Structures are given as structure tokens and as C-alpha cells.
Amino acid sequence: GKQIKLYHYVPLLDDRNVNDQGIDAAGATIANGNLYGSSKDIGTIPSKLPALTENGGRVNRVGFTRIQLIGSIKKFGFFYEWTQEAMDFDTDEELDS
Amino acid sequence: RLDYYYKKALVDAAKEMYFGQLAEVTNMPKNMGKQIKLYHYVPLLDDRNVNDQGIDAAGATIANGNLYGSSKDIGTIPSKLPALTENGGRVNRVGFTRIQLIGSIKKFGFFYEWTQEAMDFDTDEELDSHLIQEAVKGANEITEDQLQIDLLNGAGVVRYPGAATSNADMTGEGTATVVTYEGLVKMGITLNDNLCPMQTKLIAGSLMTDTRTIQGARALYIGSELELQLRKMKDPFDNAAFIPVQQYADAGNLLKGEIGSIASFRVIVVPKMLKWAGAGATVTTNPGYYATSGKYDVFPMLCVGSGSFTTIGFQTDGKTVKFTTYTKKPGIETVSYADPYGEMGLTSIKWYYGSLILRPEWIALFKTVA
Amino acid sequence: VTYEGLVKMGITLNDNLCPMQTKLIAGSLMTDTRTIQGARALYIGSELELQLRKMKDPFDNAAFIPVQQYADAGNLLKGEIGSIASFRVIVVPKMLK
Amino acid sequence: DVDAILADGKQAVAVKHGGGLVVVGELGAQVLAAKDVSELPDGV
Amino acid sequence: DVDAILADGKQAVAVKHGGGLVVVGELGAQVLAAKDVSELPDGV
């Protein structure tokens, strides 16, 4: 249908990876599913590291997202027209070429 | 139907590793505890040497067993020289000290889940491959920051541009505290006392037309943003200071991801370089500096030696870390009282990371630019 | 266009693009040649050729490198006039404005 | 952290059908284990 | 249906012995997580 749709998979640790499947190390449900974010700031990222313990369990859950890409195709054209009297009576005899 | 579904997907590439390759591992036994200790020894003359044994050569205790210490002052050394009379009764009574180094090992891990419906009735039939590729790649990514965060935190050599002394001091409001050519050479001079050896030999010079000769240097890891400032950096003679990499590519060997060299440093750009974002001063009238997140953003300049990163691997067989995965595919494998149908899956990645930072003479100089 | 302005493209674009199409040209045994770094073909209208020619580097030297100064050293792209920073300048007769 | 939960004394169970962990407190357990209006702790 | 529970922003805990499924609420869990009279909501 004149439309091409694509699927681009973002990295896990990108801020575009917004997903609800997020659990922190305390077992609660957090908002930011892409843990530790894309923020390259060491003032926050030590806190949001996936710190597990000896106990283990349902902690540090992560999700994954994907993005669509859509193209399009259009029509283009043109023409010209000539009369018989133009070619035969023209000075040049190779006008058609 | 309204559109054509192209199968091949656009997948982001994995950020190339830059820090994990420079670390050396120290095996930690299983049956015993979760800490490793070291006894670093200091020179007698070094000012770090403090000890009760300090009786003066001609007298009593003076609570200084390091003679003149590290004064290096000609007005002091002669007075504290161990002068001895003919009668050898008592003397300096030197002492010696050892330093205890402690290293900890922590635990980190992942997990994610998927239902059978998601895998079955999905537009793309390669969902499983994309998830595991994205999952393991991120584990590789996360491990890198674990190393880099510690290395940045632990560095004895921390020079501050201008008259600044702390992260809060840095600002771009007035005279922006930026890297100067004078500052970079002093960091090398401070590094020239010891520890960090000369990563690379000096370049003699190859037969060409434009090639220049550079001195022995040590790799300095830098974020991409600060590269421009290093480029347009005037030397004392108003000429260039950033020797481009191409001008010595023919002569010497090349380190991965190299941009150039300054004095005793070869510039290495790392795409994923953590920064002290929004840790400077309040940006009242920020003169177009990219360093702006609430406050000014401080960027680092790291120069790791060859004896300042001992990554401890618990059971890792000669590696900084191992990832331990566990896949429970939906079906009979996940049938229990919770779900007696098995419409759930699970994958978890666990790993163990720890560092030591022995001989902390790594160089970490800050900069607020762009 | 400014020299740092041009390289400000390079650093940002280095953080994502496709690699340096061309490699890093090394030194030749010639008597007038220069050395240029790995670049990505930059397309420019002929009207701006003079601007790049009389272009000043931050150290008040020539910024544009005439292509003949690395003709023997490496390989020349079609329509190449020269190289600036991490960009090999390609002129196009039909470039828009 | 989960150890802080255990060290405090509160137990924890696993939420299977969606969610992470809910943490059981002492009063809550007594509250949870109540049949009628005369079997829950005094406070509630 | 179980999907209606999650749509309500609600998590649910399975029961091993004789319950099958117990629905767990955020007010309830916050109530359920409590040492003493101090940690219960203003509503209680």
C-alpha cells in the first residue's frame, strides 16, 4: 500500500527504552524501566546500579522497547507535444533526435 | 493490508570497550570471606612514614622517625641529617610503617520475563534474538561503568584548573576554569615522580613530509566534548599543541581510538565517558557552555597507570567478571502451583565485581568547557 | 563557516555515523605534501570554494589543504578539491541553496 | 535493599501475577490474619 | 478475570495451600507493611 514500515530496536540503557517492566532492588515497582538511564553522570548512576544480595529474588527487572520507521513513495512525471508541421518545415532535420 | 513489512531490523551497535582491557585480576578463594587485604610498604624518608620510634641522635624522642622526611629544602636537610659524634650512644632510631589496603567484592544482577503470548502473536518472529542480544550487550555496558566509576573516584593525582580546589569551585561564569597547556604538563610532571610508568616509547621520526616527532607519553582518556579545547590549544610559542594523530601514524604504533597527543599524554576518546553533570556553580548567565544541567557540568581527564587497578574476581577464571545466565523457557519448565499452565519465561544475569585501586597515583583532572 | 564550527560537526558526528569512508592518509616522501586525517566526503556548492580556500585555522595558518598536497600520498575522490579537518571537500555542480 | 527489609525484621513474599515484592509487617500480618472485627490487633 | 486486576493497577500474589490467588493492594500492602501503630496510613 505505498508504505514501507520498519522496526528499530533501541539499546537497553537508552532513555528511549521507556517501559513499565521496572522493579528496583527493594522489590517495589519503579517507573524508569531502563535502569541507570542514559545519563552519564556519576552523581546518580552509582545509586541505580543493579545491586543484588545473597538473598536474591524478584529485584532489578528490566524491559525492552522497539521503534517503528515508516517510508513513503510518490509519483512524478512530465511530457511534451509537437505538431507535424513543426518537424517537416524546420530548418534542422534532426530536431526529433 | 496497507503497508509492506520489511524484515531486517535496525539494531544499535555495541559501544566499544575501553577500560576493561587495562585491568588485571587477582583470584579470590571461595571458602573464605569477601575481602582482600594488602600491606603496602613506604620508604623511610617518605613523609608517610610515621612511628613512635624517634629518639633524637643527640637526645631524646622527638616523635619523628623519618629524619628530614621529604622536605627537599636545603635549609632543612642539614639540620636533620643524622650527624653522629664520636661517642656512639644513641642515634636517629628510625622506624618503618606498612599501609593496609582493603578491597571489597559486591554482587549485581539482572532478570526479565516474557509471556508465551508475546513471543507467539508478535509482528516480528525474531523477538527472542533481539532481547538476548540487547540484554547481554547491556551487561557488558554496565560492567564498564562499574570499573570506570571506581577509577574516577580513586585517583591521588587530582589537579584543578586555575585556582579551583573542589568540584563546586568550577564555573564558566567568569574566567572559565578550563584545561590549559600549562596544566597538562604539570600533571605529567607530578606523574613523572613515579608510579605510572611510560606507557609508550618516544617516537624517533619517520621519513615523510609532514610527520612530527612526539615524546614518550601516557594514555589520557577524555570525553568527546573536551576534544575541541585540546585541538585549539596554543603552546607557549603560539603554535599548535595538539599534534594530530596522522602526523606520527607512519612512525610509531597506534593505540585504539587515538586522536592525538599533548606533551606527555596521548589523547584517547571514549564514547561512554562519565561526567560530573550539574556539579559546578549555578548557571546565572552561562556563556553558551554545553556544561549545563541545573549547574555547570564538570568533565574529567583520566590517565591510568599500570599499577592502579586490581579487579578482584570471586570465581572469575582470569577475567574481570563472568556473567551467569539462567533461562527458563515457557512450558513444562515453569509449571508450578503459581502457574499450572507454564505461560511465563525468565532470564537472569548475575555477576560479581570488585576493584582495589592499589598505589593510588592515577591522574584525574577536571574541566568545564564547550 | 568556522574551523571549530566545522569540527564541532565532526566530534558530534563521530559519536554516531558510519565510519570514516576514507582512511587516514600517512606521510609521503615528497617535498610539498601534507598529511590529512580520516574524513567523510563533504559536499559543497562551488560558490563557497573561495571561502574555504582563504580559511584560517585557530593558529592563524592555512586550514584548507589543496588536494594535490596529498595526491601522491593516497587516493583521490571524484570531484575532490581538498580536505579540511575530518572532511574531504567534494564540489557538486548541482548543489542547492 | 532486600537485606534492609530482613534486617529490620519484616519478611517478604513473591508477587507472581504481576508486580515485584510486597513486604509483610508484624502488625500487617496480625491485621491480615483476622477473621472478624474481634480478631485484628487493637490499633486498627 | 486476572487481566482486569492488572488493568486496575493491581498486583496479585499466589497462595500455595488453599487460596489459589490473593489480590494485594497498595493501601493494603502499605497497611500490611507495618511494625507498630506508627506505620499505618491516616485512613486507619
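Chains as they are written, first to last, in this note's numbering: chain L, 1 to 97; chain G, 1 to 370; chain D, 1 to 97; chain S, 1 to 44; chain E, 1 to 44.
Quick reminder that beta carbons are idealized off the backbone N, C-alpha and C, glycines included.
| Item | Value |
| --- | --- |
| Taking only beta-carbon positions, decide if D41 of chain L is within less than 7 Å of chain G. | yes |
| Given a cut-off of 7 Å on the beta-carbon distance, is the pair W362 of chain G and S306 of chain G in contact? | no |
| Which of helix, strand or coil does DSSP assign to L27 of chain E? | helix |
| Whose Cβ in chain D lies nearer than 8 Å to the Cβ of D210 of chain G? | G27, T33, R34 and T35 |
| How would you write the range of the alpha helix (DSSP H) that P78 of chain G sits in, first residue to last? | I77 to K80 |
| Give a yes or no on whether the minimum CB-CB distance between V2 of chain S and chain L is below 7 Å. | yes |
| For the stretch 164–174 of chain G against the stretch 51–66 of chain L, do three or more pairs of beta-carbon atoms, one drawn from each stretch, fall closer than 8 Å, so that the two count as touching? | no |
| Starting from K8 of chain D, follow the alpha helix (DSSP H) in both directions and report where the run begins and ends. | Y3 to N14 |
| Determine the extent of the alpha helix (DSSP H) in which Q51 of chain D is found, giving its start and end residues. | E49 to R53 |
| Please confirm if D12 of chain G has its CB atom under 7 Å from at least one CB of chain L. | yes |
| Along the alpha helix (DSSP H) that carries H130 of chain G, what are the first and last residues, could you check? | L127 to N153 |
| Under 9 Å between beta-carbons, which chain E residues line up against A155 of chain G? List them in chain order, please. | Chain E residues near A155 of chain G: none, gap ~42 Å exceeds 9 Å. |
| Taking DSSP as the reference, what is the three-state secondary structure of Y41 of chain G? | strand |
| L6 of chain E lies in the alpha helix (DSSP H); which residues open and close that run? | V2 to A7 |
| So if I threshold CB-CB distances at 9 Å, which residues from the stretch 52–70 of chain L count as touching chain S? | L52, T53, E54, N55, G56, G57, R58, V59 and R61 |
| Interface residues of chain L around residue 388 of chain G at Cβ under 7 Å? | In the structure as shown, chain G starts at 1 and stops at 370, and residue 388 of chain G therefore has no counterpart that could be examined. |
| Considering residue 167 of chain L, what are the terminal residues of the alpha helix (DSSP H) in which it resides? | Because chain L spans 1 through 97 in this model, residue 167 of chain L falls outside it and cannot be assessed. |
| My assumption, with CB atoms under 8 Å, is that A12 of chain S sits in contact with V24 of chain S. Please give the rounded CB distance. | 7 Å |
| Nearest-angstrom Cα distance between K10 of chain S and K16 of chain E? | 20 Å |
| Specify, as a first and last residue, the run of the beta strand (DSSP E) that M301 of chain G falls within. | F299 to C303 |
| What is the DSSP secondary structure of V50 of chain G, reduced to helix, strand or coil? | coil |
| Starting from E258 of chain G, follow the alpha helix (DSSP H) in both directions and report where the run begins and ends. | Where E258 of chain G is concerned, there is no enclosing alpha helix (DSSP H), although the beta strand (DSSP E) it sits in stretches over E258 to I262. |
| Short of 7 Å Cβ to Cβ, which residues in the stretch 9–20 of chain L face chain G? | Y9, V10, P11, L12 and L13 |
| Identify each residue in the stretch 22–41 of chain S for which the Cβ-Cβ distance to at least one residue of chain E is less than 8 Å, and report them in chain order. | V22, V23, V24, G25, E26, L27, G28, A29, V31 and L32 |
| Is DSSP giving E113 of chain G helix, strand or coil here? | strand |
| For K106 of chain G, which residues in chain L fall below 8 Å Cβ to Cβ? | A51 |
| State the DSSP-derived secondary structure class of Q215 of chain G, mapped to helix, strand or coil. | coil |
| For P244 of chain G, which option in D:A85, D:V92 and D:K94 has the closest C-alpha, if you only look at C-alpha atoms? | D:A85 |
| Which residues in the same chain as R1 of chain G place their Cβ atom closer than 6 Å to its Cβ, once the five residues preceding and following it in sequence are excluded? | none |
| Whose CA, out of E:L6, E:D3, E:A33 and E:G28, lies closest to the CA of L6 of chain S? | E:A33 |
| Looking only at DSSP bridge pairs, what is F366 of chain G linked to? | G:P300 |
| Answer with buried or exposed for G27 of chain D, where buried requires no fewer than 16 other C-beta atoms within 10 angstroms of its C-beta. | buried |
| Assign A118 of chain G to one of three DSSP states: helix, strand, or coil. | helix |
| Nearest by alpha-carbon distance to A241 of chain G: which of D:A62, D:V7 and D:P58 is it? | D:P58 |
| Taking all protein chains shown into account, do 16 or more other C-beta atoms lie within 10 angstroms of the C-beta of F108 of chain G, making it buried, or fewer, making it exposed? | buried |
| Apart from the five residues on each side of it in sequence, which residues of its chain come closer than 8 Å, Cβ to Cβ, to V267 of chain G? | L220, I222, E227, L230, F242, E258, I259, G260 and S261 |
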